[PDB]
Amino acid sequence: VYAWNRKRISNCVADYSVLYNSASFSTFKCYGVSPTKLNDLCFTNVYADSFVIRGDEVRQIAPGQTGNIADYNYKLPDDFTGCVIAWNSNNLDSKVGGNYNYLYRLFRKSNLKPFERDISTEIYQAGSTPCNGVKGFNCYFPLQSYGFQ
Amino acid sequence: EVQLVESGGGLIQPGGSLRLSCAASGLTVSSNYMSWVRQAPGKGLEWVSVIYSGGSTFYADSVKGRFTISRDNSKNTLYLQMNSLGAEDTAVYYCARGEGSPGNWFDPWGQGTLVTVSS
Amino acid sequence: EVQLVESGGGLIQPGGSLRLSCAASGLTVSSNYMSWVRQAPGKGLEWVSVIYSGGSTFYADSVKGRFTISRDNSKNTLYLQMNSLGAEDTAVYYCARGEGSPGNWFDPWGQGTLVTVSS
Amino acid sequence: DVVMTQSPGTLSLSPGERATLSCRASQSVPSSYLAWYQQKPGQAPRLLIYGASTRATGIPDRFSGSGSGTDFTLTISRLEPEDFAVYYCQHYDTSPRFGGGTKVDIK
Amino acid sequence: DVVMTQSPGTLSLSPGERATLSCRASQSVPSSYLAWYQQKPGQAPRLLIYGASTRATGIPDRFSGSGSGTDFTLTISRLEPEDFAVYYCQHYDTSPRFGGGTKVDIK
Amino acid sequence: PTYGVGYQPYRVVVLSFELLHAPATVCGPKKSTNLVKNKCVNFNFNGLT
């Protein structure tokens with residue numbers, strides 16, 4: 001989620017009907033546009049932002065939302081015009097021993113702007129003394145692992 | 001030398017307002033998750049509210065619409081403004097750094113301050 | 001029987017606010033130039049602010065954006081609201097009538113009030 | 001939206017014995033999301049264990065934590081009189097959730 | 001935008017002597033825009049002279065002021081022990097400007 | 001004469017322009033070019049274009 005991928009789609013015919021009837025989606029919410037009207041609309045460009053989060057964090061992906069994911073990993077504008085789709089990936093992103101590959105940003109001085117990606121791994125300074133790239137007391141690694149099982 | 005010194009507790013009439021203050025030393029209030037957790041006399045611990053380093057604030061349902069968490073970076077002090085206080089709000093309030101989540105646990109804790117809501 | 005009695009000094013934490021009051025007798029606050037001048041411990045005199053009889057206010061660059069001068073004609077009292085006080089603001093503040101210009105010199109002076117900015 | 005229940009309500013064990021406190025979850029909770037806090041009388045809660053197995057800084061080695069899923073255990077080996085306190089298990093699903101606490105009396 | 005400098009920093013003269021304090025301006029300042037104030041220890045400043053030559057009401061005649069342009073002088077004739085205080089020269093160009101002060105010690 | 005520029009006298013003239021809902025009486029210098037004859041030109045005489 002902190003390194004959410006983005007794909008730019010342009011100069012193509014977007015078949016939304018087949019797209020929305022392919023898989024079973026546990027969450028499908030659109031804002032500023034209906035799913036069925038997209039077949040009638042044209043746009044300069046499209047952006048597909050893909051990532052993985054917790055189930056309880058899925059609610060944070062929406063306009064006017066706040067939280068660790070919304071503030072420090074992936075932020076949407078209050079006037080967002082587009083759709084959000086989410087589906088459980090337990091059979092894909094979970095391991096018996098725990099899947100720690102997926103990470104999320106935990107500490108950050110300020111909240112992210114909409115559609116801003118932060119991949120910094122600098123030690124977060126939680127106190128007055130500088131950290132100088134050494135993690136310890138009041139010096140925390142900014143990322144935390146999910147460890148899905 | 002990390003300390004959290006709390007103040008502002010005492011007696012408040014029902015329906016009145018109050019402000020609890022929490023001066024922090026050894027850590028930066030504006031750069032850390034700061035939570036308020038209350039414990040009623042003889043009962044367990046109840047998380048009241050939290051403020052993130054980025055400024056976002058969250059409150060427990062028992063206090064939504066009545067409590068407001070804030071901070072002063074210049075004074076490095078956390079603040080909790082309580083309004084429309086009732087009998088159930090009588091408790092000892094502690095300020096802590098963190099939110100009780102992985103890598104963000106409540107540590108350290110202040111000595112706490114008692115608030116009594118009675119006529 | 002002309003006097004300027006000052007009040008409101010004391011201890012204030014860094015980043016806090018305060019209000020100094022100056023009750024005047026023998027002269028009309030609303031009809032005179034009223035100036036606030038501060039003197040740091042062991043240092044010289046520094047003019048802080050002034051309010052004209054017509055209502056116009058002026059402030060020194062060291063206090064612009066943080067100090068606000070005002071008056072109450074009914075109480076005939078001058079007021080100075082100080083915000084975001086820092087270490088350099090610790091000083092003795094005096095209220096005086098006039099602006100130190102020809103025919104408008106600082107006369108008389110109040111006994112002053114000490115403001116200490118510390119944690 | 002996961003409820004934690006602590007057991008037993010009170011515990012009475014002589015000094016030097018092994019004290020076991022259980023924290024059960026209605027749903028499988030990751031071990032990294034559970035922590036144990038200690039609160040002696042007239043004192044603020046102190047973090048004992050985090051991650052359900054990691055001992056907090058400055059905590060005696062006799063305190064240990066284990067378990068996963070729907071059952072977590074706090075073990076106090078070689079119980080001492082100074083261990084008289086209330087132990088709470090806490091976790092985070094959407095907001096901090098604290099357990100009902102467990103009183104540890106010493107015979 | 002005219003800077004005033006006072007001299008000397010401290011002055012030590014026996015009682016009955018003549019005390020001279022100088023206030024120099026980087027630019028020529030009108031005499032009417034300069035004033036001298038006295039501040040005894042633990043007391044608020046008191047207006048001594050205004051217009052650089054006019055004695056304030058209730059001030060002893062031994063205090064006098066003179067000078068113009070870039071040099072002004074405050075003279076205390078027949079110095080007395082009670083004259084122990086700090087003397088400041090003040091003027092106005094765009095805002096009140098006070099000097100660095102001059103300590104007058106008595107031997 | 002020996003005062004600083006801040007204390008020296010300065011003569012100030014402020015020109016204000018009162019524009020009411022009435023026929024105007026003051027206008028700036030009318031820009032008039034040299035007259036041209038016997039050639040198709042874009043002429044303007046006293047606002048008559």
# chains A, B, ... in the order shown; residues from 1 in each chain; ligands from 1

$ interface_residues --of "chain E" --to "chain C" --cutoff "9 Å" --atoms "only C-alpha atoms" --output "number ranges by chain"
E: 32-35, 43-47, 50-51, 88, 90-93, 95-101

$ select_by_dssp --residues "segment 73-110 of chain A" --states "strand (DSSP E)" --output "list in words"
residues 82, 83, 84, 85, 86, 103, 104 and 105 of chain A

$ closest_atom_pairs --of "chain A" --to "chain D" --cutoff "12 Å" --atoms "only C-alpha atoms" --output "CSV"
residue,atom,partner,partner_atom,distance
A:54,CA,D:93,CA,9.9
A:55,CA,D:93,CA,9.9
A:56,CA,D:94,CA,6.6
A:57,CA,D:94,CA,8.2
A:58,CA,D:94,CA,11.2
A:59,CA,D:94,CA,10.4
A:60,CA,D:94,CA,10.9
A:67,CA,D:94,CA,10.1
A:68,CA,D:94,CA,11.0
A:97,CA,D:30,CA,11.7
A:98,CA,D:30,CA,9.8
A:100,CA,D:32,CA,11.8
A:136,CA,D:57,CA,11.9
A:137,CA,D:57,CA,10.6
A:144,CA,D:32,CA,10.8
A:145,CA,D:32,CA,9.8
A:146,CA,D:32,CA,9.1
A:147,CA,D:30,CA,8.5
A:148,CA,D:30,CA,8.5
A:149,CA,D:30,CA,8.3

$ write_last_selection --atoms "C-alpha atoms" --output "mmCIF file, in the first residue's frame"
data_model
loop_
_atom_site.group_PDB
_atom_site.id
_atom_site.type_symbol
_atom_site.label_atom_id
_atom_site.label_comp_id
_atom_site.auth_asym_id
_atom_site.auth_seq_id
_atom_site.Cartn_x
_atom_site.Cartn_y
_atom_site.Cartn_z
ATOM 1 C CA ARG A 54 -6.106 -5.177 5.641
ATOM 2 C CA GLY A 55 -9.814 -5.895 5.452
ATOM 3 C CA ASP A 56 -10.593 -3.463 8.263
ATOM 4 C CA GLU A 57 -8.548 -0.848 6.367
ATOM 5 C CA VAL A 58 -10.678 -1.213 3.220
ATOM 6 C CA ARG A 59 -13.060 1.378 4.672
ATOM 7 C CA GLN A 60 -10.221 3.929 4.635
ATOM 8 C CA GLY A 67 -6.374 6.776 9.175
ATOM 9 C CA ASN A 68 -2.952 5.186 8.769
ATOM 10 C CA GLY A 97 4.262 -19.013 8.179
ATOM 11 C CA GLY A 98 2.959 -15.512 7.491
ATOM 12 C CA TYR A 100 5.441 -10.332 5.541
ATOM 13 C CA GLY A 136 16.362 2.833 18.534
ATOM 14 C CA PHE A 137 14.492 4.765 21.205
ATOM 15 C CA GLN A 144 5.405 -2.221 9.368
ATOM 16 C CA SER A 145 4.658 -5.678 7.983
ATOM 17 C CA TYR A 146 1.217 -7.277 7.780
ATOM 18 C CA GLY A 147 2.305 -10.914 8.049
ATOM 19 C CA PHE A 148 -0.875 -12.329 6.531
ATOM 20 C CA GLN A 149 -1.863 -15.878 7.480
#

$ atom_distance --atom1 "atom CA of residue 113 of chain C" --atom2 "atom CA of residue 42 of chain E"
11.4 Å

$ interface_residues --of "chain A" --to "chain B" --cutoff "10 Å" --atoms "only C-alpha atoms" --output "number ranges by chain"
A: 66-68, 71-72, 106-112, 124-129, 137-138, 140-146

$ residues_around --residues "segment 85-91 of chain C" --least-positions-apart "4" --cutoff "6 Å" --atoms "only C-alpha atoms" --output "VMD selection string"
chain C and resid 14 to 16 39 to 41 114 to 117

$ interface_residues --of "chain E" --to "chain F" --cutoff "7 Å" --atoms "only C-alpha atoms" --output "ChimeraX atom specification"
/E:27-30

$ residues_around --residues "residue 62 of chain E" --least-positions-apart "6" --cutoff "9 Å" --atoms "only C-alpha atoms" --output "PyMOL selection string"
chain E and resi 75-79

$ write_last_selection --atoms "N, CA, C and O atoms" --output "PDB file, in the first residue's frame"
ATOM      1  N   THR E  75      23.622  67.061  31.261  1.00  0.00           N
ATOM      2  CA  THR E  75      24.541  67.531  32.288  1.00  0.00           C
ATOM      3  C   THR E  75      23.849  67.507  33.642  1.00  0.00           C
ATOM      4  O   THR E  75      22.747  68.048  33.796  1.00  0.00           O
ATOM      5  N   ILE E  76      24.499  66.878  34.614  1.00  0.00           N
ATOM      6  CA  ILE E  76      24.046  66.851  35.998  1.00  0.00           C
ATOM      7  C   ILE E  76      25.086  67.615  36.809  1.00  0.00           C
ATOM      8  O   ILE E  76      26.164  67.089  37.114  1.00  0.00           O
ATOM      9  N   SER E  77      24.773  68.864  37.141  1.00  0.00           N
ATOM     10  CA  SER E  77      25.651  69.661  37.985  1.00  0.00           C
ATOM     11  C   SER E  77      25.401  69.344  39.454  1.00  0.00           C
ATOM     12  O   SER E  77      24.297  68.962  39.851  1.00  0.00           O
ATOM     13  N   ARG E  78      26.445  69.505  40.264  1.00  0.00           N
ATOM     14  CA  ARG E  78      26.366  69.251  41.701  1.00  0.00           C
ATOM     15  C   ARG E  78      25.734  67.881  41.967  1.00  0.00           C
ATOM     16  O   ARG E  78      24.675  67.748  42.580  1.00  0.00           O
ATOM     17  N   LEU E  79      26.429  66.861  41.472  1.00  0.00           N
ATOM     18  CA  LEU E  79      25.927  65.496  41.548  1.00  0.00           C
ATOM     19  C   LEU E  79      25.671  65.097  42.997  1.00  0.00           C
ATOM     20  O   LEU E  79      26.463  65.400  43.892  1.00  0.00           O
TER      21      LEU E  79
END

$ residues_around --residues "residue 116 of chain A" --least-positions-apart "5" --cutoff "10 Å" --atoms "only C-alpha atoms" --output "VMD selection string"
chain A and resid 2 to 4 72 to 76 111

$ residues_around --residues "segment 11-15 of chain E" --least-positions-apart "2" --cutoff "10 Å" --atoms "only C-alpha atoms" --output "list in words"
residues 7, 8, 9, 17, 18, 19, 20, 21, 77, 78, 79, 80, 81, 82, 83, 84, 102, 103, 104, 105, 106 and 107 of chain E

$ write_last_selection --atoms "N, CA and C atoms" --output "mmCIF file, in the first residue's frame"
data_model
loop_
_atom_site.group_PDB
_atom_site.id
_atom_site.type_symbol
_atom_site.label_atom_id
_atom_site.label_comp_id
_atom_site.auth_asym_id
_atom_site.auth_seq_id
_atom_site.Cartn_x
_atom_site.Cartn_y
_atom_site.Cartn_z
ATOM 1 N N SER E 7 26.954 57.256 25.707
ATOM 2 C CA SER E 7 28.291 57.103 26.252
ATOM 3 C C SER E 7 28.448 57.984 27.483
ATOM 4 N N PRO E 8 29.281 57.583 28.459
ATOM 5 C CA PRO E 8 29.945 56.277 28.531
ATOM 6 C C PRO E 8 28.998 55.194 29.036
ATOM 7 N N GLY E 9 29.427 53.931 28.988
ATOM 8 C CA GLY E 9 28.584 52.865 29.502
ATOM 9 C C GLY E 9 28.304 53.025 30.986
ATOM 10 N N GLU E 17 30.261 66.802 41.822
ATOM 11 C CA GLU E 17 30.952 66.975 40.557
ATOM 12 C C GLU E 17 29.948 67.167 39.420
ATOM 13 N N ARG E 18 30.482 67.430 38.230
ATOM 14 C CA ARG E 18 29.688 67.651 37.030
ATOM 15 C C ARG E 18 29.704 66.383 36.187
ATOM 16 N N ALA E 19 28.522 65.838 35.913
ATOM 17 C CA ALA E 19 28.383 64.595 35.163
ATOM 18 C C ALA E 19 27.879 64.900 33.761
ATOM 19 N N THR E 20 28.558 64.345 32.758
ATOM 20 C CA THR E 20 28.236 64.574 31.351
ATOM 21 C C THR E 20 27.919 63.235 30.696
ATOM 22 N N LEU E 21 26.749 63.145 30.068
ATOM 23 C CA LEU E 21 26.340 61.970 29.310
ATOM 24 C C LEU E 21 26.091 62.386 27.867
ATOM 25 N N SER E 77 24.773 68.864 37.141
ATOM 26 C CA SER E 77 25.651 69.661 37.985
ATOM 27 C C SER E 77 25.401 69.344 39.454
ATOM 28 N N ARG E 78 26.445 69.505 40.264
ATOM 29 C CA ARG E 78 26.366 69.251 41.701
ATOM 30 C C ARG E 78 25.734 67.881 41.967
ATOM 31 N N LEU E 79 26.429 66.861 41.472
ATOM 32 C CA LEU E 79 25.927 65.496 41.548
ATOM 33 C C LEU E 79 25.671 65.097 42.997
ATOM 34 N N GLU E 80 24.553 64.409 43.220
ATOM 35 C CA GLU E 80 24.145 63.983 44.547
ATOM 36 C C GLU E 80 24.002 62.466 44.598
ATOM 37 N N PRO E 81 24.092 61.866 45.789
ATOM 38 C CA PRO E 81 23.947 60.402 45.875
ATOM 39 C C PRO E 81 22.628 59.893 45.317
ATOM 40 N N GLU E 82 21.544 60.656 45.474
ATOM 41 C CA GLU E 82 20.242 60.227 44.980
ATOM 42 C C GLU E 82 20.165 60.202 43.460
ATOM 43 N N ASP E 83 21.148 60.772 42.763
ATOM 44 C CA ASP E 83 21.162 60.775 41.306
ATOM 45 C C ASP E 83 21.581 59.435 40.717
ATOM 46 N N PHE E 84 21.930 58.457 41.552
ATOM 47 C CA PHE E 84 22.298 57.129 41.078
ATOM 48 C C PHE E 84 21.137 56.505 40.313
ATOM 49 N N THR E 102 22.952 54.765 30.276
ATOM 50 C CA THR E 102 24.224 55.155 30.873
ATOM 51 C C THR E 102 24.111 55.040 32.384
ATOM 52 N N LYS E 103 24.938 54.181 32.974
ATOM 53 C CA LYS E 103 24.962 54.016 34.420
ATOM 54 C C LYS E 103 25.790 55.129 35.049
ATOM 55 N N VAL E 104 25.245 55.760 36.084
ATOM 56 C CA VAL E 104 25.910 56.854 36.785
ATOM 57 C C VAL E 104 26.173 56.381 38.209
ATOM 58 N N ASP E 105 27.399 55.939 38.469
ATOM 59 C CA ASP E 105 27.813 55.539 39.804
ATOM 60 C C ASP E 105 28.376 56.735 40.560
ATOM 61 N N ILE E 106 28.324 56.654 41.887
ATOM 62 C CA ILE E 106 28.810 57.709 42.769
ATOM 63 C C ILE E 106 29.928 57.130 43.623
ATOM 64 N N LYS E 107 31.083 57.786 43.602
ATOM 65 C CA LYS E 107 32.240 57.335 44.367
ATOM 66 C C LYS E 107 32.129 57.771 45.824
#

$ atom_distance --atom1 "atom CA of residue 97 of chain C" --atom2 "atom CA of residue 61 of chain E"
24.2 Å
